[PDB]
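Enquirer: Sharing coords-v5.csv below, CSV, C-alpha atoms:
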```csv
chain,number,residue,atom,x,y,z
F,1,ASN,CA,-45.0,-152.6,-108.1
F,2,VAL,CA,-44.6,-150.1,-110.9
F,3,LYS,CA,-42.1,-151.3,-113.6
F,4,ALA,CA,-43.2,-149.1,-116.6
F,5,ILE,CA,-44.1,-145.5,-117.0
F,6,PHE,CA,-46.2,-144.8,-120.1
F,7,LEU,CA,-46.2,-141.1,-121.1
F,8,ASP,CA,-49.3,-140.2,-123.2
F,9,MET,CA,-48.4,-136.9,-124.7
F,10,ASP,CA,-50.0,-134.9,-127.5
F,11,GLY,CA,-47.3,-134.1,-130.0
F,12,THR,CA,-48.3,-130.5,-129.8
F,13,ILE,CA,-46.6,-130.3,-126.4
F,14,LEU,CA,-43.3,-131.5,-127.9
F,15,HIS,CA,-43.6,-129.7,-131.2
F,16,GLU,CA,-43.7,-126.0,-130.3
F,17,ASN,CA,-42.4,-126.1,-126.8
F,18,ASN,CA,-38.7,-126.7,-126.6
F,19,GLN,CA,-38.9,-126.0,-122.9
F,20,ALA,CA,-41.5,-128.7,-122.3
F,21,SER,CA,-39.6,-131.0,-124.7
F,22,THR,CA,-36.3,-130.5,-122.9
F,23,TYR,CA,-38.1,-131.1,-119.6
F,24,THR,CA,-39.6,-134.3,-120.8
F,25,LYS,CA,-36.2,-135.5,-122.1
F,26,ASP,CA,-34.7,-134.9,-118.6
F,27,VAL,CA,-37.6,-136.7,-116.9
F,28,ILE,CA,-37.3,-139.7,-119.2
F,29,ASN,CA,-33.6,-139.9,-118.4
F,30,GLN,CA,-34.2,-139.7,-114.6
F,31,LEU,CA,-36.8,-142.4,-114.7
F,32,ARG,CA,-34.6,-144.7,-116.8
F,33,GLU,CA,-31.7,-144.1,-114.3
F,34,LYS,CA,-34.1,-145.2,-111.5
F,35,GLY,CA,-34.7,-148.5,-113.3
F,36,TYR,CA,-38.1,-147.9,-114.8
F,37,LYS,CA,-39.0,-148.8,-118.4
F,38,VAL,CA,-40.2,-145.6,-120.1
F,39,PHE,CA,-42.6,-145.5,-123.1
F,40,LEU,CA,-44.1,-142.6,-125.1
F,41,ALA,CA,-47.4,-142.5,-127.0
F,42,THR,CA,-47.4,-139.6,-129.4
F,43,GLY,CA,-48.0,-138.9,-133.1
F,44,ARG,CA,-50.4,-140.2,-135.7
F,45,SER,CA,-47.9,-142.0,-138.1
F,46,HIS,CA,-44.4,-143.4,-138.2
F,47,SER,CA,-43.1,-140.2,-139.9
F,48,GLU,CA,-44.8,-138.1,-137.2
F,49,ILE,CA,-43.2,-140.1,-134.4
F,50,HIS,CA,-39.8,-139.4,-135.8
F,51,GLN,CA,-40.6,-135.7,-136.3
F,52,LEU,CA,-41.8,-135.3,-132.7
F,53,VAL,CA,-39.4,-137.5,-130.7
F,54,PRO,CA,-35.7,-136.6,-130.9
F,55,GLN,CA,-33.2,-139.4,-130.9
F,56,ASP,CA,-31.9,-138.2,-127.5
F,57,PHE,CA,-35.2,-139.2,-125.8
F,58,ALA,CA,-34.1,-142.3,-123.9
F,59,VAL,CA,-37.4,-144.1,-124.3
F,60,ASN,CA,-37.6,-147.9,-124.3
F,61,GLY,CA,-40.3,-147.7,-127.0
F,62,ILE,CA,-42.8,-145.5,-128.7
F,63,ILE,CA,-46.4,-146.0,-130.0
F,64,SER,CA,-48.5,-143.7,-132.0
F,65,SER,CA,-51.1,-141.9,-130.0
F,66,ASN,CA,-53.8,-144.2,-131.4
F,67,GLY,CA,-51.9,-147.5,-130.9
F,68,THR,CA,-51.5,-148.3,-134.6
F,69,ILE,CA,-47.7,-148.7,-134.7
F,70,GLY,CA,-45.0,-149.4,-132.1
F,71,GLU,CA,-41.2,-149.2,-132.4
F,72,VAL,CA,-38.6,-150.5,-129.9
F,73,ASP,CA,-34.9,-149.4,-130.2
F,74,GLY,CA,-35.3,-149.0,-134.0
F,75,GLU,CA,-37.5,-152.1,-134.7
F,76,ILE,CA,-41.2,-151.8,-135.6
F,77,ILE,CA,-42.8,-154.4,-133.3
F,78,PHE,CA,-46.4,-154.0,-134.5
F,79,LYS,CA,-48.4,-152.1,-137.1
F,80,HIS,CA,-52.2,-152.3,-137.4
F,81,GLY,CA,-53.4,-150.4,-140.4
F,82,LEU,CA,-56.3,-149.8,-142.6
F,83,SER,CA,-56.2,-151.2,-146.2
F,84,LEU,CA,-56.6,-149.0,-149.2
F,85,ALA,CA,-59.9,-150.7,-149.8
F,86,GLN,CA,-61.1,-149.7,-146.4
F,87,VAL,CA,-59.9,-146.1,-147.0
F,88,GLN,CA,-61.8,-146.0,-150.3
F,89,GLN,CA,-65.0,-147.3,-148.7
F,90,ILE,CA,-64.9,-145.0,-145.7
F,91,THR,CA,-63.9,-141.9,-147.6
F,92,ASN,CA,-66.6,-142.6,-150.2
F,93,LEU,CA,-69.2,-142.7,-147.5
F,94,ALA,CA,-67.9,-139.4,-146.2
F,95,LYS,CA,-67.8,-137.8,-149.6
F,96,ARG,CA,-71.4,-138.8,-150.3
F,97,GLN,CA,-72.4,-136.7,-147.3
F,98,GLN,CA,-69.7,-134.0,-147.8
F,99,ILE,CA,-68.0,-134.9,-144.5
F,100,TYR,CA,-64.5,-133.3,-144.4
F,101,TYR,CA,-61.8,-136.0,-144.1
F,102,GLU,CA,-58.0,-136.5,-143.7
F,103,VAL,CA,-56.3,-139.8,-144.4
F,104,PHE,CA,-53.2,-140.5,-142.4
F,105,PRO,CA,-50.7,-142.9,-144.0
F,106,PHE,CA,-48.0,-144.4,-141.8
F,107,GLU,CA,-45.4,-142.4,-143.8
F,108,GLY,CA,-45.7,-139.0,-145.3
F,109,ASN,CA,-48.2,-136.2,-145.1
F,110,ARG,CA,-51.9,-136.7,-144.6
F,111,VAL,CA,-53.9,-136.9,-147.8
F,112,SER,CA,-57.3,-135.9,-149.2
F,113,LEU,CA,-58.6,-136.3,-152.7
F,114,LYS,CA,-58.0,-133.3,-155.0
F,115,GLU,CA,-61.5,-133.4,-156.3
F,116,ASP,CA,-62.8,-132.6,-152.7
F,117,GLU,CA,-60.6,-129.6,-152.1
F,118,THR,CA,-63.1,-126.8,-152.9
F,119,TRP,CA,-65.9,-128.0,-150.7
F,120,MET,CA,-63.5,-129.0,-147.9
F,121,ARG,CA,-62.0,-125.5,-148.1
F,122,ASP,CA,-65.4,-123.9,-148.2
F,123,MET,CA,-66.3,-125.6,-144.9
F,124,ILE,CA,-63.6,-123.8,-143.1
F,125,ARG,CA,-64.1,-120.4,-144.8
F,126,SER,CA,-64.8,-118.6,-141.5
F,127,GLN,CA,-61.8,-117.0,-139.9
F,128,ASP,CA,-63.2,-117.7,-136.4
F,129,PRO,CA,-64.8,-121.0,-135.3
F,130,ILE,CA,-68.5,-121.4,-135.9
F,131,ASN,CA,-71.3,-123.6,-134.5
F,132,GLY,CA,-69.5,-124.3,-131.2
F,133,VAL,CA,-66.5,-125.9,-132.7
F,134,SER,CA,-63.4,-125.5,-130.5
F,135,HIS,CA,-60.8,-122.9,-131.4
F,136,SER,CA,-58.2,-125.7,-131.2
F,137,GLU,CA,-60.1,-127.9,-133.7
F,138,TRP,CA,-61.0,-125.0,-136.0
F,139,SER,CA,-57.4,-123.8,-136.1
F,140,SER,CA,-56.2,-127.3,-136.8
F,141,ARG,CA,-58.5,-127.5,-139.8
F,142,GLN,CA,-57.2,-124.1,-141.0
F,143,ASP,CA,-53.6,-125.2,-140.7
F,144,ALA,CA,-54.2,-128.5,-142.4
F,145,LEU,CA,-55.9,-126.7,-145.4
F,146,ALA,CA,-53.1,-124.2,-145.5
F,147,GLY,CA,-50.3,-126.7,-145.9
F,148,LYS,CA,-50.4,-130.1,-144.3
F,149,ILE,CA,-52.8,-131.9,-146.6
F,150,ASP,CA,-51.3,-133.4,-149.8
F,151,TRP,CA,-54.1,-133.3,-152.4
F,152,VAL,CA,-53.9,-136.6,-154.3
F,153,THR,CA,-55.6,-137.8,-157.5
F,154,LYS,CA,-55.9,-141.3,-156.0
F,155,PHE,CA,-55.0,-142.8,-152.6
F,156,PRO,CA,-51.7,-144.5,-153.0
F,157,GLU,CA,-51.2,-148.2,-152.3
F,158,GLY,CA,-50.1,-149.1,-148.8
F,159,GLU,CA,-51.6,-149.1,-145.3
F,160,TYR,CA,-53.0,-146.2,-143.2
F,161,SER,CA,-53.0,-145.4,-139.6
F,162,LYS,CA,-56.3,-143.6,-139.4
F,163,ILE,CA,-59.0,-141.4,-141.1
F,164,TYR,CA,-60.1,-138.2,-139.4
F,165,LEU,CA,-63.7,-137.0,-140.2
F,166,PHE,CA,-65.2,-133.6,-139.4
F,167,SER,CA,-68.3,-131.5,-139.9
F,168,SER,CA,-69.4,-128.1,-138.5
F,169,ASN,CA,-72.9,-129.6,-138.8
F,170,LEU,CA,-73.4,-131.5,-135.6
F,171,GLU,CA,-76.4,-133.6,-136.8
F,172,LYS,CA,-74.5,-134.6,-140.0
F,173,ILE,CA,-71.3,-135.8,-138.2
F,174,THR,CA,-73.3,-137.4,-135.3
F,175,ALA,CA,-75.4,-139.5,-137.8
F,176,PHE,CA,-72.3,-140.4,-139.8
F,177,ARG,CA,-70.3,-141.5,-136.7
F,178,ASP,CA,-73.4,-143.6,-135.7
F,179,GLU,CA,-73.4,-145.2,-139.2
F,180,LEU,CA,-69.7,-146.1,-138.8
F,181,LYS,CA,-70.4,-147.7,-135.4
F,182,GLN,CA,-73.4,-149.5,-136.8
F,183,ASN,CA,-71.2,-151.1,-139.5
F,184,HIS,CA,-67.8,-151.3,-137.7
F,185,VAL,CA,-67.8,-155.1,-137.8
F,186,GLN,CA,-68.6,-155.2,-141.6
F,187,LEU,CA,-66.0,-152.4,-142.2
F,188,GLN,CA,-63.5,-154.0,-139.8
F,189,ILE,CA,-62.8,-150.8,-138.0
F,190,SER,CA,-62.6,-149.1,-134.6
F,191,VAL,CA,-64.4,-145.7,-134.3
F,192,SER,CA,-63.5,-143.0,-131.8
F,193,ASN,CA,-64.0,-139.3,-131.5
F,194,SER,CA,-62.2,-136.5,-129.7
F,195,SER,CA,-64.9,-133.9,-130.0
F,196,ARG,CA,-68.6,-133.9,-130.8
F,197,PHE,CA,-67.7,-132.6,-134.3
F,198,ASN,CA,-65.4,-135.5,-135.4
F,199,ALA,CA,-64.9,-139.2,-135.8
F,200,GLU,CA,-61.9,-141.3,-136.4
F,201,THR,CA,-61.5,-144.7,-137.9
F,202,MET,CA,-58.7,-147.2,-137.5
F,203,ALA,CA,-58.1,-150.9,-137.7
F,204,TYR,CA,-60.6,-153.2,-135.9
F,205,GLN,CA,-60.3,-153.3,-132.1
F,206,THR,CA,-57.2,-151.0,-132.3
F,207,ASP,CA,-56.7,-148.0,-130.0
F,208,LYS,CA,-54.2,-146.4,-127.6
F,209,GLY,CA,-55.0,-149.0,-125.0
F,210,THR,CA,-54.3,-151.9,-127.3
F,211,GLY,CA,-51.0,-150.3,-128.3
F,212,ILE,CA,-50.0,-149.8,-124.7
F,213,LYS,CA,-50.8,-153.5,-124.0
F,214,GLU,CA,-48.7,-154.7,-126.9
F,215,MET,CA,-45.8,-152.5,-126.0
F,216,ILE,CA,-45.7,-153.5,-122.3
F,217,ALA,CA,-46.1,-157.2,-123.3
F,218,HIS,CA,-43.0,-156.8,-125.5
F,219,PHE,CA,-41.2,-156.1,-122.2
F,220,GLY,CA,-42.9,-158.8,-120.2
F,221,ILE,CA,-44.7,-156.1,-118.1
F,222,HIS,CA,-48.3,-156.4,-116.9
F,223,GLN,CA,-50.9,-153.6,-117.0
F,224,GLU,CA,-51.0,-153.5,-113.2
F,225,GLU,CA,-47.2,-152.8,-113.3
F,226,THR,CA,-47.7,-149.9,-115.7
F,227,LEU,CA,-48.4,-146.3,-114.7
F,228,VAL,CA,-50.0,-144.5,-117.6
F,229,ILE,CA,-49.5,-140.7,-117.3
F,230,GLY,CA,-51.1,-138.0,-119.4
F,231,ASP,CA,-54.3,-139.9,-120.2
```
Translate this structure into C-alpha cells?
Expert:
Amino acid sequence: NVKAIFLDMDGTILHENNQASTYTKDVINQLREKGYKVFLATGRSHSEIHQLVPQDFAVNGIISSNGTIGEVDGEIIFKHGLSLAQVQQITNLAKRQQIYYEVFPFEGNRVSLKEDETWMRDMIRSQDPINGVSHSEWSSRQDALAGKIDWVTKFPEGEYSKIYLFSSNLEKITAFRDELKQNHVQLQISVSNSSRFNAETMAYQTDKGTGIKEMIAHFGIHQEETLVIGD
C-alpha cells in the first residue's frame, strides 16, 4: 500500500547535472500522475532548497536533507533550529580544539568567524587530500574556503539548521564527536557524522527520519505507506 514516494537526493546530483535534474523532474511528474504523493529531501537550508529545486518540480513537499525544515506548496510546516546560544557554545568548543567548522543558517551562505580564517585555511593547505580524507570531502572544504563561507565578525541573530565540524586529525575529531555525544542532552542537540573525519550538530532529536515523519504526517500518510528512495 505505497501512497508516498520520498526521494532522498544529495543536492549535488541536481546542481551540476541538468540531465539528472530533468530526469528527476520527469519522474516526479509521472509519479504524481499515477496518484502518488512525492516528496524530496535535499539541501541544508531554506535558501539551498530553493537554489536546488526548480519551481517546475511537481513535489508535494520538500524537507532539508537533515530534516530541520519542511515546506508544502509554499508554506513552511516545520522548522527545528539551533539557537544562537547553542551555536556559540558548540563553535567555542570547536575553536578551543581548532576543529574546522561551518555554521549553516536557514537563510544565506554558511558562516564561520573571521578570526578563525587563517587556521581553518591552513588546515586545507594541501592541494590533494591528506590522512585518508576522501577526495569528495577535501574538495568540498577547498570549495567552501574559496567562496562559499561568509566570514563574519559575530554570528547573527536567528536560528540555524546545522553546524558541520571537521578535522584531518582523526583522533581529534573522534574525541570531539564523542564529547558532543556525551553532552548532547545538556547541549540539546543531535549529533551525526557522514565520514570518520566530521561531525554535525542539529536540534535535539532532529534528523532526516524525523523530517520524513513530520512531512508524511502532514499528508496523513503512515511510514509503512512511504517508500523512501535514495537512502
Enquirer: Please measure the separation of CA of residue 122 (chain F) and CA of residue 166 (chain F), giving the value in Å to one decimal.
Expert: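 A separation of 13.1 Å between them.
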Enquirer: Using all atoms listed in the file, which residues sit within 9 Å of residue 204 (chain F) once same-chain residues fewer than 4 positions away are excluded, as an MDAnalysis selection string?
Expert: chainID F and resid 80:82 184:185 187:191
Enquirer: For those residues, write C-alpha atoms to a file as a JSON list (two decimals), in the frame of the given file.
Expert:
```
[["chain", "number", "residue", "atom", "x", "y", "z"],
["F", 80, "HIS", "CA", -52.20, -152.30, -137.40],
["F", 81, "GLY", "CA", -53.40, -150.40, -140.40],
["F", 82, "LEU", "CA", -56.30, -149.80, -142.60],
["F", 184, "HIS", "CA", -67.80, -151.30, -137.70],
["F", 185, "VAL", "CA", -67.80, -155.10, -137.80],
["F", 187, "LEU", "CA", -66.00, -152.40, -142.20],
["F", 188, "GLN", "CA", -63.50, -154.00, -139.80],
["F", 189, "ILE", "CA", -62.80, -150.80, -138.00],
["F", 190, "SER", "CA", -62.60, -149.10, -134.60],
["F", 191, "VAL", "CA", -64.40, -145.70, -134.30]]
```
Enquirer: Rank F:176, F:23, F:102, F:37 by their smallest atom-to-atom distance to residue 228 (chain F), using all atoms listed in the file, and report the top residue only.
Expert: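 Closest residue, counting all atoms listed in the file: F:37.
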Enquirer: Need to verify the contact set: region 10-16 of chain F, 7 Å, all atoms listed in the file, exclusion of same-chain residues closer than 4 positions in sequence. Can you return it as a PyMOL selection string?
Expert: chain F and resi 20-21+42-43+52
Enquirer: Could you please take those selected residues and save C-alpha atoms as an mmCIF file, keeping the file's coordinate frame?
Expert:
```cif
data_model
loop_
_atom_site.group_PDB
_atom_site.id
_atom_site.type_symbol
_atom_site.label_atom_id
_atom_site.label_comp_id
_atom_site.auth_asym_id
_atom_site.auth_seq_id
_atom_site.Cartn_x
_atom_site.Cartn_y
_atom_site.Cartn_z
ATOM 1 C CA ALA F 20 -41.500 -128.700 -122.300
ATOM 2 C CA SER F 21 -39.600 -131.000 -124.700
ATOM 3 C CA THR F 42 -47.400 -139.600 -129.400
ATOM 4 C CA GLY F 43 -48.000 -138.900 -133.100
ATOM 5 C CA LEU F 52 -41.800 -135.300 -132.700
#
```
Enquirer: Let me make sure I understand: among F:164, F:78, F:197, F:6, which one has the smallest atom-to-atom distance to residue 60 (chain F) if we use all atoms listed in the file?
Expert: F:6
Enquirer: Find, counting all atoms listed in the file, the residue in F:199, F:84, F:40, F:173 that gets nearest to residue 7 (chain F).
Expert: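 Looking at the shortest contact to residue 7 (chain F), the residue is F:40.
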Enquirer: Give me, as number ranges by chain, all polymer residues having an atom no more than 12 Å from residue 209 (chain F), counting all atoms listed in the file and skipping those fewer than 5 positions away in the same chain.
Expert: F: 6, 8, 41, 63-68, 214-216, 223, 226, 228, 231
Enquirer: Record the distance separating CA of residue 153 (chain F) and CA of residue 115 (chain F), expressed in Å with one decimal.
Expert: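 So the answer is 7.5 Å.
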Enquirer: Which protein, DNA or RNA residues have an atom at most 8 Å from (-73.4, -126.9, -134.9), counting only C-alpha atoms? List them as a list in words.
Expert: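 The residues near that point, listed by chain and number, are residues 130, 131, 132, 133, 168, 169, 170 and 171 of chain F.
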Enquirer: As a PDB file with C-alpha atoms, in the frame of the given file, please: the residues near residue 225 (chain F) (cut-off 8 Å, all atoms listed in the file, same-chain neighbours under 4 positions excluded).
Expert:
```
ATOM      1  CA  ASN F   1     -45.000-152.600-108.100  1.00  0.00           C
ATOM      2  CA  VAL F   2     -44.600-150.100-110.900  1.00  0.00           C
ATOM      3  CA  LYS F   3     -42.100-151.300-113.600  1.00  0.00           C
ATOM      4  CA  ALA F   4     -43.200-149.100-116.600  1.00  0.00           C
ATOM      5  CA  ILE F 221     -44.700-156.100-118.100  1.00  0.00           C
TER       6      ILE F 221
END
```
Enquirer: Please tell me which residues are no farther than 8 Å from (-59.3, -135.3, -151.6) in the file, counting all atoms listed in the file, and write them as a ChimeraX atom specification.
Expert: /F:101,111-117,151-153
Enquirer: Using only C-alpha atoms, which of the listed residues (F:38, F:165, F:180, F:5) sits closest to residue 194 (chain F)?
Expert: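 Of the candidates, the smallest distance to residue 194 (chain F) is held by F:165.
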Enquirer: Which residues are near residue 30 (chain F)? Cut-off 10 Å, all atoms listed in the file, ignore same chain within fewer than 6 positions. Put them as a PyMOL selection string.
Expert: chain F and resi 24+36+58
Enquirer: Taking only C-alpha atoms into account, name the residue in F:57, F:39, F:119, F:160 that is nearest to residue 103 (chain F).
Expert: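 The closest residue to residue 103 (chain F) is F:160.
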Enquirer: With distances taken over all atoms listed in the file, which residue among F:79, F:17, F:212, F:51 lies nearest residue 227 (chain F)?
Expert: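 When distances to residue 227 (chain F) are compared using all atoms listed in the file, the smallest one comes from F:212.
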Enquirer: Between CA of residue 110 (chain F) and CA of residue 208 (chain F), what is the distance, to one decimal in Å?
Expert: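 So the answer is 19.7 Å.
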Enquirer: Taking the partial coordinates given, rebuild region 125-142 of chain F to contain N, CA, C and O atoms; return it as an mmCIF file, in the frame of the given file.
Expert:
```
data_model
loop_
_atom_site.group_PDB
_atom_site.id
_atom_site.type_symbol
_atom_site.label_atom_id
_atom_site.label_comp_id
_atom_site.auth_asym_id
_atom_site.auth_seq_id
_atom_site.Cartn_x
_atom_site.Cartn_y
_atom_site.Cartn_z
ATOM 1 N N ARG F 125 -64.294 -121.750 -144.248
ATOM 2 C CA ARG F 125 -64.100 -120.400 -144.800
ATOM 3 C C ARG F 125 -64.043 -119.362 -143.665
ATOM 4 O O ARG F 125 -63.343 -118.356 -143.783
ATOM 5 N N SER F 126 -64.777 -119.579 -142.580
ATOM 6 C CA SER F 126 -64.800 -118.600 -141.500
ATOM 7 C C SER F 126 -63.503 -118.501 -140.778
ATOM 8 O O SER F 126 -62.881 -119.519 -140.414
ATOM 9 N N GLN F 127 -63.051 -117.254 -140.591
ATOM 10 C CA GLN F 127 -61.800 -117.000 -139.900
ATOM 11 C C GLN F 127 -61.914 -117.450 -138.411
ATOM 12 O O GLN F 127 -60.929 -117.929 -137.841
ATOM 13 N N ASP F 128 -63.078 -117.305 -137.791
ATOM 14 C CA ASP F 128 -63.200 -117.700 -136.400
ATOM 15 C C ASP F 128 -64.167 -118.957 -136.347
ATOM 16 O O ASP F 128 -65.031 -119.160 -137.213
ATOM 17 N N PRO F 129 -64.029 -119.776 -135.308
ATOM 18 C CA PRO F 129 -64.800 -121.000 -135.300
ATOM 19 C C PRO F 129 -66.313 -120.685 -135.269
ATOM 20 O O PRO F 129 -66.746 -119.710 -134.662
ATOM 21 N N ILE F 130 -67.097 -121.532 -135.937
ATOM 22 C CA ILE F 130 -68.500 -121.400 -135.900
ATOM 23 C C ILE F 130 -69.169 -122.633 -135.291
ATOM 24 O O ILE F 130 -68.521 -123.662 -135.045
ATOM 25 N N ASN F 131 -70.447 -122.478 -134.967
ATOM 26 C CA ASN F 131 -71.300 -123.600 -134.500
ATOM 27 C C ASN F 131 -70.808 -124.261 -133.196
ATOM 28 O O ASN F 131 -71.192 -125.411 -132.935
ATOM 29 N N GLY F 132 -70.016 -123.606 -132.356
ATOM 30 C CA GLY F 132 -69.500 -124.300 -131.200
ATOM 31 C C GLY F 132 -68.260 -125.081 -131.319
ATOM 32 O O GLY F 132 -67.757 -125.642 -130.328
ATOM 33 N N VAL F 133 -67.721 -125.172 -132.530
ATOM 34 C CA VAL F 133 -66.500 -125.900 -132.700
ATOM 35 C C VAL F 133 -65.389 -125.215 -131.853
ATOM 36 O O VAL F 133 -65.355 -123.992 -131.703
ATOM 37 N N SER F 134 -64.491 -126.014 -131.301
ATOM 38 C CA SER F 134 -63.400 -125.500 -130.500
ATOM 39 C C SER F 134 -62.445 -124.661 -131.283
ATOM 40 O O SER F 134 -62.254 -124.909 -132.470
ATOM 41 N N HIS F 135 -61.830 -123.661 -130.649
ATOM 42 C CA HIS F 135 -60.800 -122.900 -131.400
ATOM 43 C C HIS F 135 -59.672 -123.806 -131.789
ATOM 44 O O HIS F 135 -59.160 -123.676 -132.905
ATOM 45 N N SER F 136 -59.277 -124.733 -130.916
ATOM 46 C CA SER F 136 -58.200 -125.700 -131.200
ATOM 47 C C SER F 136 -58.527 -126.478 -132.491
ATOM 48 O O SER F 136 -57.688 -126.586 -133.390
ATOM 49 N N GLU F 137 -59.715 -127.090 -132.554
ATOM 50 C CA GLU F 137 -60.100 -127.900 -133.700
ATOM 51 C C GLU F 137 -60.206 -127.049 -134.978
ATOM 52 O O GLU F 137 -59.734 -127.418 -136.058
ATOM 53 N N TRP F 138 -60.851 -125.894 -134.861
ATOM 54 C CA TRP F 138 -61.000 -125.000 -136.000
ATOM 55 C C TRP F 138 -59.620 -124.630 -136.566
ATOM 56 O O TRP F 138 -59.376 -124.669 -137.773
ATOM 57 N N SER F 139 -58.741 -124.188 -135.687
ATOM 58 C CA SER F 139 -57.400 -123.800 -136.100
ATOM 59 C C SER F 139 -56.619 -124.945 -136.697
ATOM 60 O O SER F 139 -55.869 -124.779 -137.668
ATOM 61 N N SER F 140 -56.816 -126.155 -136.175
ATOM 62 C CA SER F 140 -56.200 -127.300 -136.800
ATOM 63 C C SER F 140 -56.680 -127.517 -138.226
ATOM 64 O O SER F 140 -55.907 -127.885 -139.121
ATOM 65 N N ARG F 141 -57.995 -127.332 -138.461
ATOM 66 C CA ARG F 141 -58.500 -127.500 -139.800
ATOM 67 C C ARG F 141 -57.908 -126.372 -140.720
ATOM 68 O O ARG F 141 -57.490 -126.621 -141.862
ATOM 69 N N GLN F 142 -57.839 -125.148 -140.195
ATOM 70 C CA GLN F 142 -57.200 -124.100 -141.000
ATOM 71 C C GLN F 142 -55.802 -124.388 -141.365
ATOM 72 O O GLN F 142 -55.394 -124.215 -142.525
#
```
